[PDB]
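Worksheet: one structure, shown below.
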Amino acid sequence: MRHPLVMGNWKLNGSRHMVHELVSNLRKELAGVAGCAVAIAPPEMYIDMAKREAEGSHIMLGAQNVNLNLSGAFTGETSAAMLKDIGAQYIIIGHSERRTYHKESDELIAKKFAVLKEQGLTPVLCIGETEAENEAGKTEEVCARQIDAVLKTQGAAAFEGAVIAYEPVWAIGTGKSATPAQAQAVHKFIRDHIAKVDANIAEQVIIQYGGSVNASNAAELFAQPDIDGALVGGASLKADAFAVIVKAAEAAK
Amino acid sequence: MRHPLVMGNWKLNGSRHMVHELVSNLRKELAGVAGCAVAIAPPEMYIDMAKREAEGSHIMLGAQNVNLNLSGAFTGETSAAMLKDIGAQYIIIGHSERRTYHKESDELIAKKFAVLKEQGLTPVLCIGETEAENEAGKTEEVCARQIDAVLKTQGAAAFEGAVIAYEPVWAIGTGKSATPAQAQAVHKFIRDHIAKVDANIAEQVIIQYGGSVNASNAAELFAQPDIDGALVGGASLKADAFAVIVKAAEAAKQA
């Protein structure tokens, strides 16, 4: 019942040159797809130009973060109002890397949520466990923790039209790997958590896999009922690769 | 010896529409200005567009802040190199609101400053003291610290081709006002402090006043010999205001 979404996070990578090369390439590779929803999240500076570049395709636009103010004296902050204005739709928050580089709290993240919701943007919420928590067997403790930041204080409805991304931080950059069984298992947990509160809203959340996805796994990945897609990293930088993650989703779900 | 710089910090304000209008307006209002240099700093996502709008004028481009990385896995960060790419020249680092809201520190600030330089961008170093500090007359003590963070670790040449802005923090919503006199004294102290290391670099540096500055303000300030411009807030979101400010720096520094 849930249409797949594949989002490619460029992180801190881009130029105009690249903006051009890659949007052009994505367009071409991506021709024919239909069964999959596709968004990209460049650096802030490049969103506008990227929109131009993508014009005439189905590639949607997103962003890697926001701050809490809509306008005002907040030098250097990022406004959701301005993201709306820019044409960005899908806003990454709580990306593991900000939680860690930037020390963003659940509360903070949860505030970030409220706001996007308020403007009518789509928040991609990023959650998941450290190497230690994982090892300690604390997946669900954490996950739920990370979700209740919203649910508790905003309600199940906050989740309507929302997206969740599971980052297995512990698999990432650690010579650890997650299987498909593992993720689907965490995915169910996530869905089920929200279901204990609001089942209908639960059915309709997009739970993307935020771990490492490649061609040897995309398909076995998208075959899990609770995995609605992927929040793609480094591969969102190579058109061809990207597009295969994509057609696997289309093919699969 | 010092050509004025008026820089407008748009802050958390902009849209495709506002950018379109304001820039137009600025283009007109600043069409016949000769001796004052001008830069604007839109929200990061407006830059490109604004750089586009500015083509054909002398209105230069700016950005509100950077981060430390140039590339890689740092979702949400800002790279000086992408800033360069996209056309920004002047970059605001260590604005009071960052120091205060984002708890940015002198060590990070200096760092940021460093990266800017490796890259070829002009850093716009903001400093200033709080109400608390100022009260305590820790004025120069504080400014000196904030300056030395770059100075004592990167050298006087680090300020070469650079810009400093003194923000009277203690005078922002506190209820105070700084006189042009009060402010010129800081400016000067700031200049001398650098001067102990290299007086040459010292008379080179652009020290913009970052306190409150408007249509009526400007002229009093630009009169001081140590104030070579302004970093403007509220006023930059008004072309006519903004442009008066610019013309004043023009007039003041004429000679």
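Just so you know, all these numbers are worked out from the coordinates, no wet-lab data involved. Reconstructed Cβ throughout: ideal geometry from the backbone, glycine too, with neighbour counts over all protein chains shown.
Kindly provide the set of residues from the stretch A:47-57 that are in a loop (DSSP other than H, G, I, E, B) and either within 8 Å of chain B (Cβ to nearest Cβ) or polar (S, T, N, Q) (or both), ordered by number.
Here is the first cut: in the stretch A:47-57, the residues in a loop (DSSP other than H, G, I, E, B) are A:55-57.
Within the stretch A:47-57, just A:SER57 meets the criteria.
Applying the selection to the stretch A:4-42, what residues are assigned to a loop (DSSP other than H, G, I, E, B) and of a type in the set (A, V, I, L, M)?
Our first condition is that a residue be assigned to a loop (DSSP other than H, G, I, E, B); within the stretch A:4-42, this holds for A:4, A:10-11, A:13-15, A:30-36, A:42.
Passing the criteria: A:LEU30, A:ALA31, A:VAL33, A:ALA34.
Of all residues in the stretch A:48-66, how many are small (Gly, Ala, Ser) and either surrounded by 23 or more Cβ atoms within 10 Å (Cβ to Cβ) or closer than 20 Å to A:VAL163 by Cβ (or both)?
Qualifying residue count, the stretch A:48-66: 4.
Conditions: (1) more than 17 Å from A:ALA156 (Cβ to Cβ); (2) assigned to a loop (DSSP other than H, G, I, E, B). A:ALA219 meets all but one. Number of the miss?
Of (1) more than 17 Å from A:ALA156 (Cβ to Cβ); (2) assigned to a loop (DSSP other than H, G, I, E, B), only one is false for A:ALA219: (2).
Residues of the stretch B:230-255 being assigned to a loop (DSSP other than H, G, I, E, B) and at negative phi, which ones? Break it down into steps so the answer makes sense when it comes.
Just the residues of the stretch B:230-255 that are assigned to a loop (DSSP other than H, G, I, E, B), to begin with: B:233, B:238, B:254-255.
Those that are assigned to a loop (DSSP other than H, G, I, E, B) and at negative phi: B:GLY233, B:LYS238, B:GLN254.
Could you list, in sequence order, the residues of the stretch B:82-107 that are facing another protein chain (nearest Cβ under 8 Å) and touching a helix residue (DSSP H, G or I) at 6+ places or on another chain (Cβ under 7 Å)?
First, the residues of the stretch B:82-107 that are facing another protein chain (nearest Cβ under 8 Å): B:82-83, B:85-86, B:92, B:95, B:97-98, B:101-102.
Result: B:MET82, B:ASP85, B:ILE86.
Being more than 18 Å from A:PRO180 (Cβ to Cβ) and out of contact with any helix residue (DSSP H, G or I) (no Cβ under 7 Å at 6 or more places or on another chain) is true for just one of A:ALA195, A:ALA199. Which residue is that? Explain how you work it out, then say what you get.
Details: A:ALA195 fails: out of contact with any helix residue (DSSP H, G or I) (no Cβ under 7 Å at 6 or more places or on another chain).
When all the criteria are applied, what remains is A:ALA199.
Out of all the residues in the stretch A:207-216, which are buried (at least 20 other Cβ atoms within 10 Å of the Cβ) and out of contact with any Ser or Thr (no Cβ under 9 Å at 6 or more places or on another chain)?
Hits for the stretch A:207-216 are A:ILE207, A:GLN208, A:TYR209, A:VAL213.
Among the residues that make up the stretch B:231-239, is at least one of them in contact with a helix residue (DSSP H, G or I) (Cβ under 8 Å, 6 or more places away or on another chain) and more than 19 Å from A:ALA73 (Cα to Cα)?
No, the conditions are met nowhere in the stretch B:231-239.
Can you spot a residue in the stretch A:31-38 that is surrounded by 19 or more Cβ atoms within 10 Å (Cβ to Cβ), at the interface with chain B (Cβ under 8 Å from one of its Cβ atoms), in contact (Cβ under 8 Å) with a residue 60 or more places away in the chain and in contact with a helix residue (DSSP H, G or I) (Cβ under 8 Å, 6 or more places away or on another chain)?
There is no residue in the stretch A:31-38 that is surrounded by 19 or more Cβ atoms within 10 Å (Cβ to Cβ), at the interface with chain B (Cβ under 8 Å from one of its Cβ atoms), in contact (Cβ under 8 Å) with a residue 60 or more places away in the chain and in contact with a helix residue (DSSP H, G or I) (Cβ under 8 Å, 6 or more places away or on another chain).
Return the only residue of A:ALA165, A:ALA202, A:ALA218, A:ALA171 being within 20 Å of A:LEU26 (Cα to Cα) and under 18 Å from the mean Cα position of the chain (by Cα). Step through it out loud before you land on a result.
Details: A:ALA165 fails: within 20 Å of A:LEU26 (Cα to Cα); A:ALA202 fails: within 20 Å of A:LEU26 (Cα to Cα); A:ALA171 fails: within 20 Å of A:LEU26 (Cα to Cα).
When all the criteria are applied, what remains is A:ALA218.
Mind checking whether some residue in the stretch B:58-71 is within 22 Å of B:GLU118 (Cα to Cα), within 10 Å of another protein chain (Cβ to nearest Cβ), free of Cβ contacts under 8 Å to residues at least 40 places away in the same chain and more than 20 Å from the chain's Cα centre (by Cα)?
Taking every residue of the stretch B:58-71 in turn, at least one turns out to be within 22 Å of B:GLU118 (Cα to Cα), within 10 Å of another protein chain (Cβ to nearest Cβ), free of Cβ contacts under 8 Å to residues at least 40 places away in the same chain and more than 20 Å from the chain's Cα centre (by Cα).
In the set B:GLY137, B:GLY120, which member is over 17 Å from the mean Cα position of the chain (by Cα) and not polar (S, T, N, Q)?
Numbers: B:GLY120 fails: over 17 Å from the mean Cα position of the chain (by Cα).
Of the residues listed, the single one that is over 17 Å from the mean Cα position of the chain (by Cα) and not polar (S, T, N, Q) is B:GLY137.
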